[PDB]
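> Structure below; questions to follow.
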Amino acid sequence: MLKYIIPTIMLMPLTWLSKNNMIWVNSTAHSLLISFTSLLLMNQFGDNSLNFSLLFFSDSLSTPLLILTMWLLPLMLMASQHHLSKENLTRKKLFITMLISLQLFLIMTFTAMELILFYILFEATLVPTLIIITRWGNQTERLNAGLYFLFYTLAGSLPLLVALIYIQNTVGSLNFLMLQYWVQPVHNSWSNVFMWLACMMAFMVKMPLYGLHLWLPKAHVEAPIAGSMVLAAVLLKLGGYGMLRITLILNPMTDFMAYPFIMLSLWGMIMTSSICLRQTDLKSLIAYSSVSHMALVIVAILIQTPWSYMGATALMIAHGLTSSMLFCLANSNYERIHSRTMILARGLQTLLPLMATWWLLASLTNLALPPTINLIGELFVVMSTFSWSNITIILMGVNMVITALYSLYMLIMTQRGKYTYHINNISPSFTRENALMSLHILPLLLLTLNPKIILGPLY
Amino acid sequence: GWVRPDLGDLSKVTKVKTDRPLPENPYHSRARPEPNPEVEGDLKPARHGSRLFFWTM
Ligand SMILES: CCCCCCCCCCCCO[C@@H]1O[C@H](CO)[C@@H](O[C@H]2O[C@H](CO)[C@@H](O)[C@H](O)[C@H]2O)[C@H](O)[C@H]1O
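Below, the structure is given as structure tokens:
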């Protein structure tokens with residue numbers, strides 16, 4: 001992974017030694033080059049994962065997450081360089097440094113063999129994320145959002161550290177390849193019930209699970225655009241990625257310990273979808289849509305079937321590109337009217353015809369129109385959940401209906417109807433903005449041609 | 115014929131020639147505990163380094 005770690009570290013000198021007016025050009029150009037080379041991780045075999053060294057390995061679960069991560073960096077830079085135009089030069093270079101260091105921690109998080117190395121990087125991602133929200137957020141509430149983000153995470157992460165360390169004492173290793181062969185069953189007992197909770201609750205908070213989600217709509221409403229892109233696209237998927245790994249050593253206790261969390265997810269996805277129907281803030285709406293989508297991922301991981309993991313992997317990738325695109329679209333509106341209220345600016349298809357096309361495409365993926373990878377992921381989870389218990393089709397079906405309702409509600413409210421008379425500063429969409437949206441949607445639709453590369457290790 | 119000892123004569127340390135045997139165990143000591151085994155051998159590098167979690171050195 002050095003061929004990806006080292007060039008990522010080199011982005012820091014490049015930004016700092018770049019000419020004053022070339023920071024965005026140089027960082028964007030070379031971070032795109034790194035994203036290009038990330039495709040070499042697709043050297044995946046049917047039986048054995050790609051194990052480079054004692055420290056890093058790559059399988060079909062981490063590879064699409066790595067490619068999504070390195071793709072997101074140049075996209076984050078394009079999205080940020082307009083609202084940071086008046087920022088001090090050295091503070092620009094520090095903002096880019098926080099994003100580069102977030103990529104550094106993320107690519108090492110997804111490739112660490114051992115769970116303690118994964119834990120340290122899993123937690124290191126907090127520091128840059130917290131700094132971005134609080135230093136470069138816009139409103140007063142960014143300080144509270146940083147605190148809820150920090151302490152919700154740690155309240156779950158700290159028990160996980162204890163549990164992981166205990167596992168190494170008893171098993172002798174936390175290397176994930178070793179755990180595959182030395183995994184022993186978990187028997188019933190209160191000591192194991194709390195070991196199960198310790199191993200899972202840190203990841204539940206990241207997804208986030210329904211009930212423990214109230215930090216996420218806070219962070220999204222207060223983060224700068226780049227913060228919201230990485231938070232939605234990748235950082236949420238740290239919890240899912242960790243679950244797909246750690247459930248290996250929690251069997252068969254997952255058989256009955258999953259019941260409280262499947263009920264929260266199955267009912268929670270209906271509640272959070274319905275909340276989206278009454279949201280007044282466009283960013284909060286998109287935030288509450290992530291909670292609904294990630295409820296499917298939680299259920300899929302917890303029922304542990306070959307179809308459910310294949311669906312879980314596709315959703316995390318599909319959701320990552322769609323949610324990031326939706327945040328960028330809303331942000332482009334915000335950069336004009338300087339408000340996140342959804343009802344403030346209406347009928348924008350009249351004034352920005354091509355940006356209404358992007359709004360349409362993003363909404364169609366969000367509601368999982370086939371054959372988008374958004375639906376391939378959703379369908380696989382529904383197929384497996386049906387075999388789990390046939391009644392789940394009722395909750396799954398209702399959620400799809402409501403999911404279409406608020407997805408098109410948002411499109412209709414902002415793009416259709418009559419425009420707002422007194423808003424007269426809606427400038428034509430910039431080439432930067434149009435390219436930003438296309439670099440989300442075009443990969444997302446391209447993946448329907450070769451969906452195997454995002455289905456995960458159980459393909 | 116008694117001669118008085120000179121200054122410093124009666125503070126001398128003399129040798130005494132006696133048939134009585136030298137005691138073996140004047141303190142009535144029990145058997146002393148056996149010492150801990152003494153570790154020996156060539157000092158080699160640690161097998162795979164510290165072995166602390168993920169470190170490879
Ligand atoms: C979000 C929160 C979700 C919370 C989910 C709660 C799960 C509830 C699990 C209940 C079972 C707990 O685990 C249970 O513990 C005791 C160990 O003392 C085991 O039982 C053992 O000890 C008890 C001592 O009281 C004896 O009665 C029993 O004879 C012995 O076999 C049970 O075989 C095991 O089933």
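Residue numbers (the deposited numbering), protein chains in the order written: chain M, 1 to 459; chain X, 115 to 171.
C-beta: ideal position from N, C-alpha, C; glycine also.
#1: Can you tell me which of the three DSSP states M:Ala295 falls into?
#2: Is M:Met396 near ligand 1 - that is, is its Cβ less than 7 Å away from at least one heavy atom of it?
#3: Return the CA-CA distance between M:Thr392 and M:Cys276, expressed in angstroms with no decimal places.
#4: In whole angstroms, what separates the C-alpha of M:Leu408 from that of M:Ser324?
#5: Taking C-alpha atoms, which residue in M:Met396, M:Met310, M:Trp136 and M:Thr97 lies nearest to M:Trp267?
#6: Could you tell me which uninterrupted alpha helix (DSSP H) segments, each at least 4 residues in length, are contained entirely in the stretch 22-97 of chain M, listed from first to last along the chain?
#7: Among M:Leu102, M:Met342 and M:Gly311, which has the Cα closest to the Cα of M:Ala368?
#8: Counting only runs that start and end within the stretch 152-220 of chain M, where is the alpha helix (DSSP H) found for 4 or more residues in a row?
#9: Where does M:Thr247 sit, in a helix, a strand or coil, going by DSSP?
#10: Considering only the alpha carbon of each residue, which of M:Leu72, M:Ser363 and M:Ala112 lies closest to M:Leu102?
#11: Would you call the stretch 84-94 of chain M and the stretch 114-129 of chain M touching, i.e. three or more CB-CB distances under 8 Å?
#12: Could you tell me whether the stretch 240-252 of chain M touches the stretch 214-230 of chain M, where touching means 3 or more Cβ pairs closer than 8 Å?
#13: Against chain X, does M:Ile67 count as a neighbour if the rule is that its beta carbon must be under 8 Å from one of theirs?
#14: Assess, as a yes-or-no matter, whether the stretch 317-332 of chain M is touched by the stretch 432-440 of chain M under the definition of 3 or more beta carbon pairs within less than 8 Å.
#15: Is it right to say M:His293 is buried, meaning 16 or more other beta carbons lie within 10 angstroms of its own, or is it exposed?
#16: In chain X, which residues lie less than 8 Å from M:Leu55 when you measure between Cβ atoms?
#17: Consult DSSP for M:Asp281 and reduce its assignment to one of helix, strand or coil.
#18: Using only the alpha-carbon positions, how far apart do M:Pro159 and M:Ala198 sit?
#19: Quick check: what's the CA-CA separation for residue 498 of chain M versus M:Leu449?
#20: Near M:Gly239, which residues of its chain fall below 6 Å by C-beta distance, leaving aside the five closest residues on each side in sequence?
#21: Assuming M:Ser265 contacts M:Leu209 (C-beta within less than 8 Å), just tell me the rounded distance between them.
#22: Does the contact criterion of 3 or more C-beta pairs under 8 Å hold for the stretch 348-356 of chain M versus the stretch 376-386 of chain M?
#23: Counting only Cβ pairs nearer than 7 Å, list the residues of chain X close to M:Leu14.
#24: Please check if any C-beta of chain X sits within less than 8 Å of the C-beta of M:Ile116.
#25: Compute the minimum distance between the beta carbon of M:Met437 and the heavy atoms of ligand 1, and state whether it is under 7 Å.
#26: Per DSSP, M:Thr341 forms a beta bridge with which residues?
#27: Report the three-state DSSP secondary structure of M:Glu114 (helix, strand or coil).
#28: Is the stretch 176-185 of chain M touching the stretch 220-240 of chain M in the sense that three or more CB pairs, one from each, lie closer than 8 Å?
#29: Is DSSP giving M:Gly239 helix, strand or coil here?
#30: Measuring from each Cβ to the nearest heavy atom of ligand 1, keep the ones under 5 Å and list them in chain order.
#31: Could you tell me the distance, in whole angstroms, from the CA atom of M:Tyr406 to the CA atom of M:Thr420?
#32: Residue ranges of each alpha helix (DSSP H) run of no fewer than 4 residues wholly in the stretch 119-166 of chain X, ordered along the chain?
#33: Between X:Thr132 and X:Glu152, what straight-line distance do the alpha-carbon atoms span, to the nearest angstrom?
#34: For M:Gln415, which of helix, strand or coil comes out of DSSP?
#35: Taking only the alpha-carbon atoms, compute the straight-line gap between M:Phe430 and M:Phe57 and give it to the nearest angstrom.
Let me spell this out:
#1: Correct three-state label for M:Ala295: helix.
#2: M:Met396 Cβ: outside cutoff for every heavy atom of ligand 1.
#3: So the two alpha carbons sit approximately 22 Å from each other.
#4: Going by the C-alpha atoms only, they are around 18 Å apart.
#5: Among M:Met396, M:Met310, M:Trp136 and M:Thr97, the Cα nearest to that of M:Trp267 is on M:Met396.
#6: The qualifying runs are 23-37 and 62-80.
#7: Looking at the Cα atoms, M:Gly311 is the closest of the given residues.
#8: The stretch 152-220 of chain M contains these whole alpha helix (DSSP H) runs: 176-182 and 190-206.
#9: For M:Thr247, the secondary structure class from DSSP, reduced to helix, strand or coil, is helix.
#10: Per the Cα distances, M:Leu72.
#11: These segments do not touch.
#12: With a cut-off of 8 Å, the stretch 214-230 of chain M and the stretch 240-252 of chain M do not count as touching, because too few Cβ pairs lie within range.
#13: For M:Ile67, the answer is no, since every Cβ of chain X falls outside 8 Å of its Cβ.
#14: The answer is yes - the stretch 317-332 of chain M touches the stretch 432-440 of chain M, with three or more Cβ pairs under 8 Å.
#15: Buried is the call here.
#16: Within chain X, the residues near M:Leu55 are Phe168 and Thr170.
#17: The answer is strand: DSSP assigns M:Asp281 an E or B state.
#18: Each residue's alpha carbon lies about 5 Å from the other.
#19: Beyond the ends of chain M as shown, which are 1 and 459, falls residue 498 of chain M; an answer cannot be given.
#20: Contacts found: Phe203, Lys206 and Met207.
#21: M:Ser265 to M:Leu209, Cβ: 7 Å. Contact.
#22: Under the 8 Å Cβ criterion, the stretch 348-356 of chain M does not count as touching the stretch 376-386 of chain M, having fewer than three qualifying pairs.
#23: None at all; the shortest Cβ gap to chain X is about 29 Å.
#24: Yes, because at least one Cβ of chain X sits closer than 8 Å to the Cβ of M:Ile116.
#25: No, the beta carbon of M:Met437 sits no closer than 7 Å to any heavy atom of ligand 1.
#26: For M:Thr341, which the question treats as bridged, DSSP gives the partners M:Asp281.
#27: M:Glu114 carries a strand assignment under DSSP once its states are collapsed to helix, strand and coil.
#28: No, the stretch 220-240 of chain M does not touch the stretch 176-185 of chain M.
#29: The answer is helix: DSSP assigns M:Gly239 an H, G or I state.
#30: Close to ligand 1, as judged by a C-beta nearer than 5 Å to any of its heavy atoms, are the residues M:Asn188, M:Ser189 and M:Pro260, in chain order.
#31: Annotation: M:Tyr406 to M:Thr420 spans about 21 Å, alpha carbon to alpha carbon.
#32: Counting whole runs of 4 or more residues, the stretch 119-166 of chain X contains no alpha helix (DSSP H) stretch at all.
#33: Distance between X:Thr132 and X:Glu152, taken at the CA atoms: about 43 Å.
#34: Helix.
#35: For M:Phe430 and M:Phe57, the distance between alpha carbons rounds to 41 Å.
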